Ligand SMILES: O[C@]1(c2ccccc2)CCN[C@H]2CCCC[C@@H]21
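Single chain ahead, written as structure tokens, the form deposited without the ligand.
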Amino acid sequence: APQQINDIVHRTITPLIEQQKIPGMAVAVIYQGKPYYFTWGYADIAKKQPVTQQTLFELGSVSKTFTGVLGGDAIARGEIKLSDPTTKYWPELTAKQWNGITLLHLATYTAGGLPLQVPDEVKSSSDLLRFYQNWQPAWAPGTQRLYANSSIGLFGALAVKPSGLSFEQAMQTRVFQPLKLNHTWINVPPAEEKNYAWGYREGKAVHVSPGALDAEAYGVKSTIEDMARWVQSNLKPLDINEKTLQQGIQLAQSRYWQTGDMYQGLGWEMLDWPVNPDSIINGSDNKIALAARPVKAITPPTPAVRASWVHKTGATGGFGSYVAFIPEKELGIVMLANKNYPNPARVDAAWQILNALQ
């Protein structure tokens, strides 16, 4: 691998691993379109299994980028429109507060204060209907952004209804398979269990727990190789032969709302490049990323801007992931770890690496 890439990756990540006590890590850098891989440490400490290019990590909320692109593909197929009322796809949602809440609002966290998590008490489909029927918005639609699994997760579930496919079947057949993501899963199959890393939380080995709208909001597991291919696909959507998927990728990077220097896509978030690194680094901290923020509508949305820092953080109890790329430069990075370590440390390392290579 080019010595420049070797050196900047190792000089940034080795200290990160030490400071954050990360048990295992995989990194991919995409440079001029080509992937370069790096691994450290352990997928399973007790069984002494190393991280490899085939190790599966929980992506946590990086899953939201797959959801956003699947939804974009459904729009490109003509199956849904973001301007459609939520009730068009969920007729049982009759409560009056839903008047005016569209798929766009669900996809982009702007419905008016849907909560970060679906309550753990919501176990059945009837429980889920009750939850959404009884939910009272704090704000008018399209006025404030509040990052929420219950928002984008519902978007993902409704987006696939016209196809008649389950969310998992839709994702597999419409996104994973065409992109040759053959080791990316909503449910890890028995064949791949030997590769599924444990997450580590307070020194205990853990995997994500089942919950409502988990698949849609935070449930994808993938390898560093498949994630590098995901970044390649998002860097250069016009290379994708499947027309609706090519289009769905572009729709997910459109700019729908602005808060501060950040623009909300479908799953993806974007800032203009060059970025102020303090803006993305500090902005990634959950004290900011999870706050209620007024939004400005971008009317109409700006098509994907090539000069962007496009990124998404993800976590589960045991894992921490980060992806960022800059289309204009054919440059990107994926960082997968089996510890949920602070967001700003991820963004700082990613920017140090990409800035050096840019």
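Residues that one form lacks are left out of the comparison. Between two forms, the rigid core is the largest collection of C-alphas that superpose within 1.5 Å. Start at 1 and count along the sequence shown; that's the residue number.
Just so it is clear, the following notes concern the form solved in complex with the ligand, a form of the same protein that is not shown.
Peer 1: Among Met171, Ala228, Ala74, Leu103, which has any heavy atom within 4.5 Å of the ligand in the deposited bound form?
Peer 2: The option sitting close enough to the partner is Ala228.
Peer 1: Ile30 near the ligand in the deposited bound form, any heavy atom under 4.5 Å?
Peer 2: Heavy-atom contact with the ligand at 4.5 Å: present for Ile30.
Peer 1: Taking only residues present in both forms and a 2 angstroms threshold on CA movement, what segments of three or more in a row shift between this form and the one not shown once the core is aligned?
Peer 2: Run shifting 2 Å or more: just 288-290.
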